[PDB]
Amino acid sequence: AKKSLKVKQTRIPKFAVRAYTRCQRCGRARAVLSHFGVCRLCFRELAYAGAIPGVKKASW
Amino acid sequence: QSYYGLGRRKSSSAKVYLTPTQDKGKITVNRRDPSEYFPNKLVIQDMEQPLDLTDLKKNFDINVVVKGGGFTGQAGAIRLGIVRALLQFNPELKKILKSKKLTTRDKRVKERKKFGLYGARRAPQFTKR
Amino acid sequence: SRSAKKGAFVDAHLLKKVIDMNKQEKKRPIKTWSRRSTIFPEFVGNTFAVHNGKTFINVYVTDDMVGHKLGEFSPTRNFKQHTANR
Amino acid sequence: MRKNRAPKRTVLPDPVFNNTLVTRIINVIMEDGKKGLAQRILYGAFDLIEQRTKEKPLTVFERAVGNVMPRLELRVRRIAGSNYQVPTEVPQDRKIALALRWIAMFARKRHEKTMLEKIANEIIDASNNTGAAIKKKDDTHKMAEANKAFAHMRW
Amino acid sequence: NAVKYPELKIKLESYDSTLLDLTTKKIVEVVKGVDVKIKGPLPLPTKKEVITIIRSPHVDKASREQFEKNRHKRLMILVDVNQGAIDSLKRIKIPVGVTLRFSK
Amino acid sequence: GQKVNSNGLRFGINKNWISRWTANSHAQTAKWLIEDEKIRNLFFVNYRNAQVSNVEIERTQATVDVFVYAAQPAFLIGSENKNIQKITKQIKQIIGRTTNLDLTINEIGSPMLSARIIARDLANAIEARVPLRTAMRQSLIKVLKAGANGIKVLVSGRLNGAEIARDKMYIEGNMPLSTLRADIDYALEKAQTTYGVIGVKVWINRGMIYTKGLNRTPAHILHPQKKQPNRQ
RNA sequence: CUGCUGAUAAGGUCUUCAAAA
RNA sequence: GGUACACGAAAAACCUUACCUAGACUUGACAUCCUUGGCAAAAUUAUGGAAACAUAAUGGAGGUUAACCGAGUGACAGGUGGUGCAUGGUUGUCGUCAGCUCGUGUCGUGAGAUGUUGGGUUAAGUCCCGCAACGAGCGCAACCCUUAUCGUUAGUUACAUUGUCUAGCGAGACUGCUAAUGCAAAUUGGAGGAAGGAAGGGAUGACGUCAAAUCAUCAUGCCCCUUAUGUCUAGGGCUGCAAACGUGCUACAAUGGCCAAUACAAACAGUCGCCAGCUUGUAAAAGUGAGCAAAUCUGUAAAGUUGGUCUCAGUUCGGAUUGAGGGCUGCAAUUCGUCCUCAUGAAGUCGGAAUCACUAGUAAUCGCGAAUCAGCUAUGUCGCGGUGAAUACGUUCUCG
Ligand SMILES: [Mg+2]
Ligand SMILES: [Mg+2]
Ligand SMILES: [Mg+2]
Ligand SMILES: [Mg+2]
Ligand SMILES: [Mg+2]
Ligand SMILES: [Mg+2]
Ligand SMILES: [Mg+2]
Ligand SMILES: [Mg+2]
Ligand SMILES: [Mg+2]
Ligand SMILES: [Mg+2]
Ligand SMILES: [Mg+2]
Ligand SMILES: [Mg+2]
Ligand SMILES: [Mg+2]
Ligand SMILES: [Mg+2]
Ligand SMILES: [Mg+2]
Ligand SMILES: [Mg+2]
Ligand SMILES: [Mg+2]
Ligand SMILES: [Mg+2]
Ligand SMILES: [Mg+2]
Ligand SMILES: [Mg+2]
Ligand SMILES: [Mg+2]
Ligand SMILES: [Mg+2]
Ligand SMILES: [Mg+2]
Ligand SMILES: [Mg+2]
Ligand SMILES: [Mg+2]
Ligand SMILES: [Mg+2]
Ligand SMILES: [Mg+2]
Ligand SMILES: [Mg+2]
Ligand SMILES: [Zn+2]
């Protein structure tokens with residue numbers, strides 16, 4: 001069960017606290033970056049592909 | 001003829017103003033008595049270390065501005081500032097100051113914490129069984 | 001714990017059912033799933049069947065149980081005895 | 001399997017009595033990185049020494065550390081069963097370090113009141129060759145003298 | 001002569017640094033080509049955001065990498081501009097990465 | 001062991017970003033980050049016969065600009081500009097009719113030394129049941145004849161339909177992967193074979209970048225003319 | 001410089017190919 | 001096992017959720033292809049209802065069907081179902097250790113050898129000599145970021161005790177000079193220098209081993225289900241409990257407990273937010289209410305200093321557990337949130353055999369911030385600063 005959960009997440013619930021943030025590219029529920037709306041394992045791929053502007057590897 | 005020095009330590013800047021005076025040095029930090037600014041935990045001798053062995057009878061009026069760090073870092077910063085301002089008065093002190101190495105930035109700063117480690121260098125407990 | 005200005009809480013479907021069954025003389029068990037509802041004074045005298053998770057356990061409220069939560073008088077997991085591993 | 005000898009940091013002279021051993025014992029009684037607290041403990045103990053012995057605190061401290069300061073060390077070397085010990089002459093720096101470490105360890109265990117008085121009385125007792133660090137030094141010295149035979153073989 | 005815009009405080013910010021310097025260079029060049037007294041292109045502290053992401057798909061949280069995003073920021077305040085400078089400013093075409101926060 | 005992505009290690013130092021925009025809020029940052037992914041995935045998975053090397057996306061508050069570098073843009077153009085309108089409507093449906101689209105096709109010069117299209121050709125040959133040794137040998141020899149530095153090709157998976165997975169590598173020329181100054185283009189593709197999935201990863205070395213800067217310059221599109229239109 | 005120091009269930013992948021470019 | 005056990009999970013009350021019980025659905029909650037019309041879907045109000053869903057309402061943006069709203073319709077959708085021993089991708093480990101190979105040549109009937117071994121020097125298969133070998137590739141090093149001194153550019157929202165500070169560019173350190181010895185690489189000492197001989201830290205991780213981990217991020221071969229292993233909802237569960245282990249927090253205390261006054265940070269974050277001030281309250285907080293889209297406003301720094309008190313006791317230590325009254329978030333706090341106040345006051349007085357981490361701003365210790373987040377006994381994770389140690393004689397032993 002993933003397609004139904006994705007569709008239900010897009011659909012608005014009847015309570016405000018019912019709403020949770022899923023990844024927009026994949027459907028992963030846990031470990032989602034609200035700054036980018038993308039889970040960690042897809043954020044890594046996008047950053048390595050250069051899709052997210054300004055996200056360079058950090059050396060500190 | 002005033003002298004200006006800029007010292008730094010542990011991310012704590014210092015601006016030391018040396019004024020020629022002959023009515024006691026009267027060291028002063030950030031418009032406050034050093035005995036009240038510092039915990040007076042004898043750290044005063046730390047900043048006077050380069051001004052003791054050579055001289056303070058010359059009664060330099062000290063105007064110190066420090067913004068940042070704790071108190072040991074501030075003391076080290078004003079020590080470096082006093083030395084660097086002293087390099088502007090009779091550069092012959094430069095040799096003696098270099099001899100005991102009070103004219104070099106300490107370069108020691110806190111390391112960055114690393115992931116998977118409980119700190120800069122500490123590591124988690126290791127279990128084998 | 002629960003705030004004062006908010007007061008107590010009932011789903012109000014249970015409240016409507018309780019009012020109706022109190023006005024009716026021949027009361028019967030009230031099958032409810034609302035374990036979140038607190039036992040209001042008007043509840044006194046009725047009998048409820050609360051969904052423990054599997055079945056509906058019957059609880060008879062009294063003038064004393066007033067205040068607690070309705071599902072607090074029914075359990076959800078059962079444990080009675082371990083077994084020796086070795 | 002290191003083939004490198006470690007460097008040594010400066011000991012720093014004490015800014016009150018101008019005796020490096022004072023700074024060393026401050027660092028030894030350091031706990032939780034509290035230089036101020038350690039310095040307060042030491043200077044209060046020295047003032048109590050003034051109040052009691054009526055002599056120079058630095059001289060009393062030197063008389064205590066020199067007397068507690070050991071001569072021989074026994075290094076454990078196991079071959080087949082248990083360990084046979086080996087007496088070796090220690091360097092002066094490690095000698096002083098061991099003396100200070102023993103002084104602090106036996107000072108933080110005595111039955112008395114605040115650690116100020118604890119360490120002060122421990123120092124005054126060790127100044128007269130009667131103390132717990134004295135007993136420790138005596139024990140290691142007697143053990144080395146007993147195991148004097150295996151001194152020739154070290155490794 | 002008129003001004004119609006006193007104290008035009010242009011604020012620049014971008015994820016990239018060199019593009020920001022180039023855009024500020026073009027801006028100051030145009031505004032000095034017109035008769036306007038630029039206060040100066042000063043820099044402001046760069047807000048750096050760090051995101052830490054576990055490399056592995058399933059386990060080994062210990063092995064994790066890091067990413068950064070810097071919002072480089074510059075300030076530049078013009079005293080009096082007038083139409084003679086505003087019309088020339090209209091044709092600047094700042095690159096997309098640069099962001100303007102004009103405050104009038 | 002495991003190696004960091006060659007592109008990801010060099011991004012932000014000697015490589016510019018494929019999408020250049022600044023969003024308004026966190027809500028819009030996700031939508032804009034997903035729409036560009038959809039557009040790029042469209043251009044890559046379908047209309048594959050045109051050898052689209054790379055597509056860059058450039059957005060402002062409301063205007064979308066797409067730069068599609070292709071080796072054979074005649075297939076995108078179609079017969080008297082037919083498929084152009086189809087892909088334009090596809091993009092407009094993807095992003096929204098409220099925005100203004102500025103699609104721009106660009107003929108890429110010296111295509112052969114581009115890892116994306118080399119890997120795509122590799123995957124097509126694998127899927128077409130072409131023998132692997134011959135396929136990799138011909139691809140390597142044509143890449144080298146194109147006049148570049150070393151190229152490293154790694155092809156892993158259920159090799160030739162075997163029940164045990166293997167991997168086959170061909171390096172021919174110097175490929176310094178630890179060096180940051182080197183211009184290394186890396187691409188990865190999946191050949192969907194009747195026996196499963198084959199992963200082809202192509203690293204190509206294209207000299208050393210001796211000019212400091214975040215690119216802002218074309219990368220092997222310049223040897224011939226790079227001027228194709230469809231814009232405004 | 002010779003203390004002591006014993007054992008580890010069965011069957012198993014993994015090279016398809018050079019004909020050639 | 002090392003390479004699992006504060007791990008996936010950077011947030012389990014509902015949702016998450018994949019599990020159980022129950023109430024409901026069938027080209028389906030979602031999608032394409034086809035014959036076909038668009039004059040809807042939402043949302044909300046009624047009744048039945050645990051809610052799913054049903055009967056009635058306002059019949060709705062729009063743009064004539066664009067997207068979507070439908071009818072018919074069979075291919076089918078759907079699966080967090082199995083197989084990580086069919087795979088792609090990604091990752092742990094040996095290990096940031098210094099190795100792994102190739103072309104030509106030569107030796108050997110052959111597997112194979114040479115180069116890669118030998119002597120010096122390094123962290124290094126780093127380099128130099130020797131040498132049937134001559135070269136080359138990946139790895140090492142450097143190029144990348146940051147900290148340490150300085151110059152220049154700019155002076156607001158920094159500074160304004162006038163040159164700090166912030167961020168672009170640049171200079172600087174190159175065994176560059178000197179002495180020793182070596183053929184040469186090079187090693188050691190000195191000078192000047194902020195910095196000296198990989199100046200400190202980070203990113204960077206070769207061929208391959210463990211058929212190592214993941215079909216539950218994603219994709220995918222094959223098998224299996226197709227009015228059910230697919231879908232919606234309500235309740236319960238993932239929080240159980242004679243026990244055992246791992247990782248952490250708090251302690252067993254006068255280097256301390258409590259009370260009062262009080263000084264000094266960096267980094268980061270903020271318009272469903274940060275919340276200054278004021279009023280109320282023993283307090284969590286409530287109301288009013290400015291300021292800030294931020295070098296401007298907000299997010300109380302604590303250890304530390306001084307003073308008062310306790311006077312070595314199971315205590316003014318220790319806070320567990322337990323009863324009561326309140327605050328906030330949320331439809332909803334019983335299973336199962338956290339905070340405050342009042343009251344009670346378990347164990348525990350330094351921990352057996354045996355083990356762990358650490359070589360300077362390190363260990364130890366004290367606070368601050370952020371991510372996921374409506375809320376959360378995260379004491380967890382990722383970062384920042386304040387104070388700030390001890391030791392390294394040596395490789396006999398121990399693991400690799
Ligand atoms: Mg799925
Ligand atoms: Mg939630
Ligand atoms: Mg911890
Ligand atoms: Mg153990
Ligand atoms: Mg034995
Ligand atoms: Mg046997
Ligand atoms: Mg649930
Ligand atoms: Mg209509
Ligand atoms: Mg019509
Ligand atoms: Mg495996
Ligand atoms: Mg070898
Ligand atoms: Mg030989
Ligand atoms: Mg050789
Ligand atoms: Mg390197
Ligand atoms: Mg296995
Ligand atoms: Mg594992
Ligand atoms: Mg599956
Ligand atoms: Mg449910
Ligand atoms: Mg759990
Ligand atoms: Mg006290
Ligand atoms: Mg101000
Ligand atoms: Mg306040
Ligand atoms: Mg005090
Ligand atoms: Mg007791
Ligand atoms: Mg207490
Ligand atoms: Mg509760
Ligand atoms: Mg006691
Ligand atoms: Mg080390
Ligand atoms: Zn994702």
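A short reminder: the numbers here are calculations on the coordinates, not readings from a lab. With ideal geometry, Cβ positions are generated from the backbone for all residues, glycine too; neighbour counts draw on all protein chains shown.
Listing for the model above:
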quantity: All positions within the range D:5-60 that are in contact (Cβ under 8 Å) with a residue 60 or more places away in the chain and of a type in the set (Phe, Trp, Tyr); calculated: D:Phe46
quantity: Selection count, the range B:78-92, where residues are surrounded by fewer than 19 Cβ atoms within 10 Å (Cβ to Cβ) and in contact with a helix residue (DSSP H, G or I) (Cβ under 8 Å, 6 or more places away or on another chain); calculated: 1
quantity: Selection within the range D:53-71 - surrounded by fewer than 18 Cβ atoms within 10 Å (Cβ to Cβ) and farther than 17 Å from D:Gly131 by Cα; calculated: D:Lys54, D:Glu55, D:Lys56, D:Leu58, D:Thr59, D:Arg71
quantity: Residue under evaluation A:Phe36, criteria (1) away from chain F (no Cβ under 14 Å); (2) within 23 Å of F:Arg40 (Cα to Cα); (3) not small (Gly, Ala, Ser), criterion not met; calculated: (1)
quantity: Whichever residue in the range E:63-85 is exposed (fewer than 15 other Cβ atoms within 10 Å of the Cβ) and away from chain A (no Cβ under 14 Å) and, among such residues, is farthest from F:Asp65 (Cα to Cα); calculated: E:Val79
quantity: Complete set of residues in the range F:1-27 that are more than 18 Å from A:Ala58 (Cβ to Cβ), among the aliphatic types (A, V, I, L, M) and more than 7 Å from every other protein chain (Cβ to nearest Cβ); calculated: F:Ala23, F:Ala27
quantity: The range B:44-80: number of residues that are more than 20 Å from B:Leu97 (Cβ to Cβ) and hydrophobic (A, V, I, L, M, F, W, C); calculated: 3
quantity: Members of the range B:88-129 found to be within 15 Å of the chain's Cα centre (by Cα) and part of a loop (DSSP other than H, G, I, E, B), listed by number; calculated: B:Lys101, B:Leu102, B:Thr103, B:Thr104, B:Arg105, B:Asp106, B:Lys107, B:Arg108, B:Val109
quantity: Qualifying residue in the range D:139-147 (condition: exposed (fewer than 13 other Cβ atoms within 10 Å of the Cβ) and part of a loop (DSSP other than H, G, I, E, B)); calculated: no
quantity: Filter pass, B:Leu56 being assigned to a loop (DSSP other than H, G, I, E, B), aliphatic (A, V, I, L, M) and either away from RNA strand H (no atom under 11 Å from the Cβ) or without any contact (Cβ under 8 Å) to a residue 12 or more places away in the chain (or both); calculated: yes
quantity: Listing of strands (runs of 3 or more DSSP E) fully contained in the range F:143-205 that carry 1 or more residues being within 16 Å of ligand 1 (Cβ to nearest atom) and small (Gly, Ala, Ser); calculated: none
quantity: So A:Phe43, is it assigned to a helix (DSSP H, G or I), within 24 Å of E:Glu49 (Cβ to Cβ) and within 14 Å of another protein chain (Cβ to nearest Cβ); calculated: yes
quantity: Test: residue in the range F:166-183 that is within 21 Å of F:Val45 (Cβ to Cβ) and hydrophobic (A, V, I, L, M, F, W, C); calculated: no
quantity: Scope the range D:110-138; condition in a helix (DSSP H, G or I) and within 16 Å of D:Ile49 (Cα to Cα); matching residues; calculated: D:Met115, D:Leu116, D:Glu117, D:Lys118, D:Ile119, D:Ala120, D:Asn121, D:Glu122, D:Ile123, D:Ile124, D:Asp125, D:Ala126
quantity: Scan of the range C:1-50 for residues that are among the basic types (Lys, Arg), crowded, with 16+ Cβ neighbours inside 10 Å and in a loop (DSSP other than H, G, I, E, B), ordered by number; calculated: C:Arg35
quantity: Residues (assigned to a helix (DSSP H, G or I) and within 14 Å of another protein chain (Cβ to nearest Cβ)) located in the range A:1-33; calculated: A:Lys6, A:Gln9, A:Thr10
quantity: Whichever residue in the range F:57-107 is of a type in the set (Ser, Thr, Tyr) and in contact with a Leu (Cβ under 9 Å, 6 or more places away or on another chain) and, among such residues, is nearest to the other protein chains (Cβ to nearest Cβ); calculated: F:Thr63
quantity: Residue in the range F:121-128 that is within 27 Å of F:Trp21 (Cα to Cα), touching a residue at least 24 places away in the same chain (Cβ under 8 Å) and not in a loop (DSSP other than H, G, I, E, B) present; calculated: no
quantity: D:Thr10 being assigned to a loop (DSSP other than H, G, I, E, B) and surrounded by fewer than 18 Cβ atoms within 10 Å (Cβ to Cβ); calculated: yes
quantity: Filter result for E:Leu42 (out of contact with any helix residue (DSSP H, G or I) (no Cβ under 8 Å at 6 or more places or on another chain) and either of a type in the set (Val, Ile, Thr) or surrounded by 15 or more Cβ atoms within 10 Å (Cβ to Cβ) (or both)); calculated: no
quantity: Odd one out for A:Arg22 among (1) charged (D, E, K, R); (2) within 16 Å of ligand 2 (Cβ to nearest atom); (3) surrounded by fewer than 16 Cβ atoms within 10 Å (Cβ to Cβ); calculated: (3)
quantity: Verdict on E:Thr24 being within 16 Å of E:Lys69 (Cα to Cα), free of Cβ contacts under 8 Å to residues at least 60 places away in the same chain and of a type in the set (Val, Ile, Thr); calculated: no
quantity: Filter result (surrounded by 14 or more Cβ atoms within 10 Å (Cβ to Cβ) and within 21 Å of B:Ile96 (Cβ to Cβ)) within the range B:28-53; calculated: B:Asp46, B:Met47, B:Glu48, B:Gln49, B:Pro50, B:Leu51
